[PDB]
Amino acid sequence: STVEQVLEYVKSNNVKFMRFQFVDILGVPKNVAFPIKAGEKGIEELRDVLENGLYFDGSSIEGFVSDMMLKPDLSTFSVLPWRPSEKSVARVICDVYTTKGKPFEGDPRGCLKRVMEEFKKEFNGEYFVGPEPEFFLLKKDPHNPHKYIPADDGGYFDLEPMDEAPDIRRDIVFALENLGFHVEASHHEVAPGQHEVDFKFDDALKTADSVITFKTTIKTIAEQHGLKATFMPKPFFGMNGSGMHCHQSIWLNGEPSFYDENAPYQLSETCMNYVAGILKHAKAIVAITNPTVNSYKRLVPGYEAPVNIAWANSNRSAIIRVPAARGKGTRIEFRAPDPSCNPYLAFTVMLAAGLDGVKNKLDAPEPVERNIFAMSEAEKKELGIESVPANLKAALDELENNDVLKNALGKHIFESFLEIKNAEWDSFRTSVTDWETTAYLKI
Amino acid sequence: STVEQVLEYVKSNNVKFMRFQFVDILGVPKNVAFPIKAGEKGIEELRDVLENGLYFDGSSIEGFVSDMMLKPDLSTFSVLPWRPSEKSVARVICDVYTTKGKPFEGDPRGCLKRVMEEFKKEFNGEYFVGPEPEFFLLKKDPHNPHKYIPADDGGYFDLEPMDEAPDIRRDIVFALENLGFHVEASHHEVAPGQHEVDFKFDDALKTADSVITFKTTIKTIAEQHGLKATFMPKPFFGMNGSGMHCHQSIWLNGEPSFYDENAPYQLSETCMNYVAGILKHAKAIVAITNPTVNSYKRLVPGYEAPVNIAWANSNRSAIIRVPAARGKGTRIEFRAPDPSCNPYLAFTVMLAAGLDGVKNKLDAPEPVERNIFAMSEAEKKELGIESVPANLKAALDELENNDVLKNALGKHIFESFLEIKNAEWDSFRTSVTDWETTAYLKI
Amino acid sequence: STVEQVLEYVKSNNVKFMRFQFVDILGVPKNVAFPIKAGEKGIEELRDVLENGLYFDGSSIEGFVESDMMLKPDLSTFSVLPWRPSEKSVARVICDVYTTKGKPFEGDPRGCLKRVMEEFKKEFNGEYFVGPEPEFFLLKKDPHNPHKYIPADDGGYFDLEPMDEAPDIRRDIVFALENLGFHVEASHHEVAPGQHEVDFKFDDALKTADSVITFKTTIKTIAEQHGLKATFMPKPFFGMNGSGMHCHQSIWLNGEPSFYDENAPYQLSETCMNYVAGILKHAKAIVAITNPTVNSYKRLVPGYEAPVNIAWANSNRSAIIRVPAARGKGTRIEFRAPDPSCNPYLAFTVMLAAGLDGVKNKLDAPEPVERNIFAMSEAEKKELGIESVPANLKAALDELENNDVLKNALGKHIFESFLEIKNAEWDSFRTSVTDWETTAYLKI
């Protein structure tokens with residue numbers, strides 16, 4: 001955890017290779033690997049890089065445009081998650097700094113650190129997130145070796161042999177637990193080949209490091225079994241999509257500020273302010289937490305689709321759900337994000353939107369216990385239940401007009417993300433899709 | 001042309017089968033075929049149907065929802081266009097009436113007839129259209145027998161052997177000419193396997209009957225050669241799409257009202273009113289003249305894309321172009337429609353928009369001779385050059401808010417088209433497209 | 001079995017993963033696995049889950065329609081995974097479903113049996129024992145067509161190897177169940193090709209239901225390890241025997257074999273007769289639960305040994321009830337209608353309630369029918385007042401809808417959900433175009 005422990009770990013295990021890992025604006029993990037020179041000089045050359053960082057050319061890193069630096073966060077040093085037995089190699093997650101020595105403004109990781117460091121300095125506040133990313137395991141179609149189909153025909157909570165991934169789920173969980181990245185339950189999900197890994201309600205930065213570690217590890221584990229793991233939100237029409245429900249709460253002065261014994265639903269005012277802030281900015285949040293064209297194939301009207309901007313105690317058709325846990329466990333659950341989002345940026349925008357509600361003491365609308373999807377469009381207009389954007393472009397324009405989220409992400413991230421994702425949308429809207437060929441070639 | 005001529009044609013050629021043809025709301029042609037009974041009784045049973053129509057169940061005709069009637073328009077009686085040699089069979093284009101005996105309000109053909117009959121009664125005005133539909137000839141992919149590719153690698157105006165459809169173009173033109181449906185030039189177009197057939201500047205109803213006849217005939221001709229003809233607007237990304245440039249003008253009291261010797265560009269005030277009316281309603285017109293999701297893959301920013309709402313004398317980047325012909329040939333050319341549109345409805349909405357400009361003497365903006373696609377977005381905002389909708393849904397909402405076009409199409413057509421095409425869009429936006437799988441399965 | 005014993009087993013075996021297992025309304029097993037945290041903290045985090053339960057989302061569990069629910073484990077079922085006994089790092093426990101309020105969920109099939117078994121114990125001091133005989137087919141891909149499945153061997157009843165190609169599979173499923181307390185008895189190749197049968201111990205009805213649930217999963221995993229597939233489909237192949245689950249059962253009042261009377265005819269007590277009259281009086285409604293599939297009724301068709309005729313006998317195989325010759329502590333009745341596709345928790349529940357409904361009301365039983373019911377004409381059956389079970393799934397559901405006894409026993413939630421789900425199941429079959437129809441009618 002400190003420099004010495006790291007070095008003594010190197011000297012004890014003959015660590016011959018070190019990996020410095022970071023993430024691009026879109027959440028794709030990146031790393032550079034250098035060797036550990038043997039002998040006195042080598043252990044000191046390693047000390048100089050662990051404390052002062054190393055240089056690298058980030059001109060080809062999406063969202064990073066020049067000479068830059070990576071700065072190890074030594075609290076993340078551990079054995080390679082996908083190669084725990086291999087002790088000769090180690091890795092550490094890094095923040096991105098500039099040549100001068102300041103945190104680079106476009107670093108997704110540094111972005112989450114800043115907002116949590118400002119929330120810690122100014123209000124002695126903590127921010128905890130507990131995500132529930134879903135994914136699909138895939139194999140090739142025996143009839144069409146150029147396509148992929150679900151890995152099994154198992155259902156929700158199913159047992160073997162219908163569930164063909166109990167060992168895979170057992171391995172990804174073991175791999176994360178044995179490294180400190182804590183998780184809770186896991187199970188086969190509704191759709192075929194779909195699964196879920198529930199993460200520990202924990203520090204939002206540690207949890208963002210968790211998610212990034214988990215996405216890479218499940219993929220390598222899957223490949224060992226001749227399969228592929230995808231975090232595509234809606235890989236197949238006609239079956240459930242993959243979401244990442246995010247349970248979150250804030251603490252002020254070591255106190256669960258969301259709990260109030262003598263308040264309605266035992267929820268504090270600060271909680272309602274936080275909920276109101278999430279609902280106020282939802283239409284723009286999803287550009288970050290649902291950042292793909294395919295994301296909005298999951299965000300479509302449905303019996304259980306989190307598209308309606310409202311909160312409820314038990315209703316699942318709402319975009320926010322409040323679990324029954326109270327006291328230290330009081331939390332709110334934002335149900336819209338899918339696992340394709342960059343966790344650092346998603347966690348940033350949910351806190352900023354919630355805090356913006358707290359900073360302005362925003363009033364929260366009545367919880368909608370009725371089913372939003374079944375009620376007609378008039379009842380929705382009456383109740384004032386709006387919906388999230390229908391496509392990625394519609395969400396990008398909501399984000400472009402959100403100053404709360406611009407100040408939260410910063411200019412560089414804000415402007416680069418919009419530019420990269422506007423090009424991503426232009427490519428889609430200009431492409432000739434199969435759906436059209438099926439529909440219109442005969443006319 | 002009259003009842004007698006038809007009967008004498010039947011008696012001379014031993015016509016044993018008769019086809020009564022009409023069209024649905026989406027322009028798909030439909031027909032029912034009945035036999036001609038031999039002898040005295042049979043020729044009289046035929047007279048009763050030719051003059052009073054025949055019954056039919058239009059509950060399964062898109063946009064027709066009950067017992068209904070078809071009423072032959074005897075000016076369209078001829079030998080089958082796709083079977084000219086076969087004299088035993090004949091056909092006639094029909095209007096749709098109700099059981100009572102009135103023109104059915106949802107008939108696309110009757111819709112165009114009404115607006116032209118009102119323009120003829122109230123202002124002694126004629127309406128002429130000369131379209132230029134493009135299409136693609138297709139063969140199977142030898143490597144993937146489940147896909148289609150262009151029929152040749154010929155270019156614009158190309159000669160054989162690179163042009164592999166000179167005989168096909170020669171046959172479709174002969175077939176239409178030999179039946180009265182007049183056309184002008186034809187040639188291989190820019191894209192591979194693409195072609196164009198230029199229709200005669202003629203009565204807009206006769207021309208709408210022309211187009212419907214042409215689309216069916218080119219398809220059957222293609223099949224004879226082991227190919228397929230498609231009027232899909234953008235069947236292949238990376239090559240030109242298929243449009244239907246519509247040359248149009250109006251005449252008042254037998255006078256070319258678009259020509260004014262002593263006016264700017266020798267264009268009359270009525271012409272500018274008509275142009276202004278087309279530009280004013282363009283955003284809603286394209287929902288009818290570009291009625292598919294794929295239509296807007298052709299309507300995308302480009303060096304020669306007709307997306308910018310403006311007119312010019314020679315500029316091709318504008319949505320309206322004015323040919324150099326003057327006098328009796330003075331006309332304007334709306335460049336946005338693609339051949340997937342229902343000609344009857346398209347011709348209706350262009351006249352209503354143009355006349356609405358005439359009825360209100362609307363001022364026309366300055367012609368934009370500069371290239372609209374090359375100038376930046378500021379110069380466009382300065383010049384006030386707006387763009388047509390980017391997708392089918394955006395266009396449908398413009399049509400939903402256009403009272404000029406609602407009154408032109410009528411309630412039934414207006415409301416059915418929006419309903420059918422809103423469902424068509426919902427299917428697209430909920431489908432998982434190949435583009436997404438290519439882009440997001442690896443994340 | 002005790003909270004401590006479980007925790008000691010965890011520490012010594014270094015168990016890193018625990019499985020919470022339950023069942024849905026249709027008898028499909030379900031489970032959730034959570035990692036066992038390291039250190040004394042994880043052991044205490046654990047302990048809290050075993051005594052108090054774990055919250056789970058049951059919105060997507062068939063028959064479990066708020067979404068917040070609890071899994072409260074019955075620690076008497078703790079053990080290694082029966083299908084991975086060598087992997088000590090994993091264990092599982094069967095649970096009951098509770099509500100947020102800490103009360104048994106009224107839609108829990110396991111809890112449904114417990115309720116009726118506890119009521120029978122408190123009010124009459126009665127135990128309920130069931131000994132089932134599930135049958136199953138082992139399948140292998142047809143060499144000529146890959147899509148189709150065919151029997152795994154061409155052996156017959158009681159055959160030996162080589163014709164019997166699964167004495168080692170039958171031996172392993174028995175060894176796996178016996179090694180973990182789920183007691184079983186005989187096993188043998190059945191009549192039809194690739195058909196096999198594992199006889200279970202005559203035991204506590206709830207314990208028996210747990211063994212059945214575990215047996216079904218285990219035999220499927222064993223089969224797959226041999227490149228085969230095991231199925232509990234009642235009639236997978238026309239032209240041969242279907243798979244049934246003969247259920248031997250009996251009740252004991254005040255620790256006495258109440259079914260036994262030395263002085264009464266056939267050495268059968270009045271209580272036995274009242275119980276048989278209760279099973280027979282409600283037979284048509286029971287089979288909706290014990291035979292809950294469309295395919296079940298392709299096994300319940302008139303035949304020499306088809307248990308479709310609502311009657312009982314001491315030896316006849318054509319009756320729906322048979323009384324084995326064993327007397328004394330072994331006096332029991334055998335209900336022949338059920339098949340292994342049923343939910344054993346619900347099956348044993350309705351059988352108990354139907355018999356105790358006869359015991360409560362002192363119903364006079366009919367005379368035993370030793371003559372072959374199928375051999376005799378339709379008038380002879382009408383003369384003897386011998387009625388048949390429903391001929392299809394929908395007819396049985398309608399019988400269940402009109403049976404108050406089985407509504408009280410199953411409870412409202414299960415009762416209505418099962419009827420709503422199975423009516424949809426029948427609606428899907430009746431609207432489909434089967435290959436039988438294509439074969440018969442495409443030429444016309």
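Letters go in sequence order (proteins before strands), and every chain restarts at 1.
Of the listed residues (A/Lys147, A/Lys297, A/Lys234), the one with the most heavy-atom contacts under 4.5 Å to chain B is A/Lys297. Each of B/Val300, B/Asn391, B/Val293 has some count of heavy-atom pairs under 4.5 Å with chain A, and the biggest count is that of B/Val293. Between chain A and the options B/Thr230, B/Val28, B/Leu138, the largest number of non-hydrogen pairs under 4.5 Å is found for B/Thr230. With respect to chain B, the highest number of heavy-atom pairs below 4.5 Å among A/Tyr148, A/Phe237, A/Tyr296 belongs to A/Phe237.
Applying a 4.5 Å heavy-atom cutoff, the residues of residues 215-225 of chain B that approach chain A are B/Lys219. By a heavy-atom distance cut of under 4.5 Å, B/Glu424, B/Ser427, B/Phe428, B/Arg429, B/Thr430, B/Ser431, B/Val432, B/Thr433, B/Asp434, B/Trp435, B/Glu436, B/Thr437, B/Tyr440, B/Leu441, B/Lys442, B/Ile443 are the residues of residues 423-443 of chain B near chain A, going up by number.
Every residue was checked against the salt bridge (charged side-chain N to carboxylate O under 4.0 Å, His left out) condition with A/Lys30, not counting sequence neighbours, and none meets it. With sequence neighbours excluded, no residue forms a side-chain hydrogen bond (donor to acceptor under 3.5 Å, both in side chains) with A/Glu196.
Only the backbone of A/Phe236 comes within contact range of chain B, with heavy atoms under 4.5 Å apart. Neither the backbone nor the side chain of A/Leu26 comes within less than 4.5 Å of any heavy atom in chain B.
With a 6.0 Å radius and a threshold of 12 heavy atoms from other residues, nucleotides or ligands, A/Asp141 has its CG atom above the threshold.
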